[PDB]
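Notes for the one structure printed next.
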Amino acid sequence: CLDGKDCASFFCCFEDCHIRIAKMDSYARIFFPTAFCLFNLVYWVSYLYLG
Amino acid sequence: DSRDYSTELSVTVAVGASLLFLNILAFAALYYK
Amino acid sequence: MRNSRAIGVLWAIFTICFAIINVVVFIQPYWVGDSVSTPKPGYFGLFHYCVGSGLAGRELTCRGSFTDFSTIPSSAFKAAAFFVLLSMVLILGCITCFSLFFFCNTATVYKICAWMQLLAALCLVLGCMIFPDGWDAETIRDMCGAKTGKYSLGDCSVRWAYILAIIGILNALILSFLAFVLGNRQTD
Ligand SMILES: CCCCCCCC/C=C/CCCCCCCC(=O)O[C@H](COC(=O)CCCCCCCCCCCCCCC)COP(=O)(O)OC[C@@H](O)CO
Ligand SMILES: CC(C)CCC[C@@H](C)[C@H]1CC[C@H]2[C@@H]3CC=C4C[C@@H](O)CC[C@]4(C)[C@H]3CC[C@]12C
Ligand SMILES: CCCCCCCCCCCCCCCC(=O)O
Ligand SMILES: CCCCCCCCCC
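In order, the protein sequences belong to chains A, B and C. My numbering puts the first residue of the first sequence at 67, with every later residue one more than the last. My numbering puts the first residue of the second sequence at 193, with every later residue one more than the last. My numbering puts the first residue of the third sequence at 11, with every later residue one more than the last.
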């Protein structure tokens with residue numbers, strides 16, 4: 067279709083797909099603290115200020 | 193009080209329209225060329 | 011590449027703004043309000059609702075919390091709250107994957123948020139479409155009027171939070187498309 071190729075290639079990453087599962091540890095090391103910090107921020111702000 | 197929310201609706205629509213205008217401006221700037 | 015990076019930063023900022031909007035509309039109760047032709051003053055959100063006490067409009071009581079499903083007026087309200095909460099969780103999933111931009115490839119991370127923001131948008135649309143189904147509840151009918159019913163605002167009037175949720179739906183759709191285009195760009 068126009069402005070991109072194959073419909074799916076444009077809306078998915080099925081190309082190539084593996085390698086990233088080995089670096090899952092490196093991903094998690096920064097993923098988990100960010101998620102927990104976001105949860106703490108939203109939770110504390112909502113319970114202290116918006117309530 | 194007067195329980196009138198036309199002003200609230202107007203200002204909310206104004207800020208929402210401004211935000212959507214900014215974001216569609218960014219989208220159009222990216223999509224050009 | 012400079013324009014691509016600037017547009018990515020702007021996209022992230024607007025994504026955070028949409029997440030703030032989603033949290034605010036989920037928490038706040040000012041979705042529907044009262045008019046001069048109303049039996050009593052009040053306003054109800056997804057799960058919370060406040061109604062006047064006595065003849066005087068002052069000193070209005072408040073009731074309802076998401077943690078206590080016994081107080082939510084109706085299953086439609088419960089479903090709408092659940093869907094909006096799912097939208098919150100998905101957009102916060104994007105704001106976490108902003109961390110994953112460090113290691114994983116930019117196109118893959120951009121597509122991951124493109125899909126996740128699309129899913130959050132769909133959840134928010136489903137919640138906003140299911141929420142009016144619960145206006146037939148006894149408390150909502152008492153607050154608004156006998157004319158109130160399923161998908162009929164009746165004497166009550168919509169307040170800022172509902173239109174803000176609609177604006178958030180539009181913002182989420184366009185942001186998902188922007189993320190898709192960014193992911194498909196800057197990889198050749
Ligand atoms: C109030 C308004 C909001 C203001 C806050 C605005 C937040 C601003 C940050 C946006 C990050 C996403 C921008 C888009 C990222 C686009 C990608 C980019 O910029 O470049 C990459 C990351 O760069 C980068 O430092 C970006 C790294 C990610 C930094 C984000 C950390 C998590 C953010 C936690 C949420 C906090 C904010 C919201 C809290 C409510 C590095 O290329 P590089 O080839 O060298 O890699 C090697 C590669 O080949 C993989 O091997
Ligand atoms: C880190 C990512 C993946 C998920 C984070 C989701 C967090 C922020 C969500 C999950 C459940 C949420 C809570 C669910 C219920 C309520 C009760 C309501 O009256 C105020 C908001 C509050 C207190 C929510 C705050 C935000 C919350 C804590
Ligand atoms: C409470 C804080 C917990 C720890 C937070 C760590 C966040 C930084 C993530 C670091 C990931 C990269 C670590 C390896 C770096 C290296 O190559 O030496
Ligand atoms: C003034 C209310 C601000 C609420 C912010 C909630 C956290 C947003 C995280 C994206």
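Quick reminder that beta carbons are idealized off the backbone N, C-alpha and C, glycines included.
For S162(C), the beta-bridge partners assigned by DSSP are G159(C).
Taking 7 angstroms as the cut-off, one finds no heavy atom of ligand 2 near enough to the beta carbon of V119(C).
In its chain, beyond the 5 residues on either side, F93, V94, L96, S97 and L100 have a beta carbon closer than 8 angstroms to the beta carbon of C133(C).
For the 8 angstroms CB-CB criterion, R195(B) and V46(C) form a contact.
For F219(B), the nearest beta carbon of chain C is closer than 8 angstroms to its own beta carbon. In this structure, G18(C) has its CB closer than 7 angstroms to one or more heavy atoms of ligand 1. Placement of the Cβ of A131(C) at a distance of 7 angstroms or more from every heavy atom of ligand 1 is found. What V33(C) touches in chain A, judged by beta-carbon distance under 9 angstroms, is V108, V111, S112 and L116, going in chain order. Per DSSP, the continuous alpha helix (DSSP H) segment holding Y172(C) begins and ends at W170 to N194. Distance from the C-beta of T106(C) to the nearest heavy atom of ligand 2 is below 7 angstroms.
When only Cα atoms are considered, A117(C) and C27(C) end up about 22 angstroms apart.
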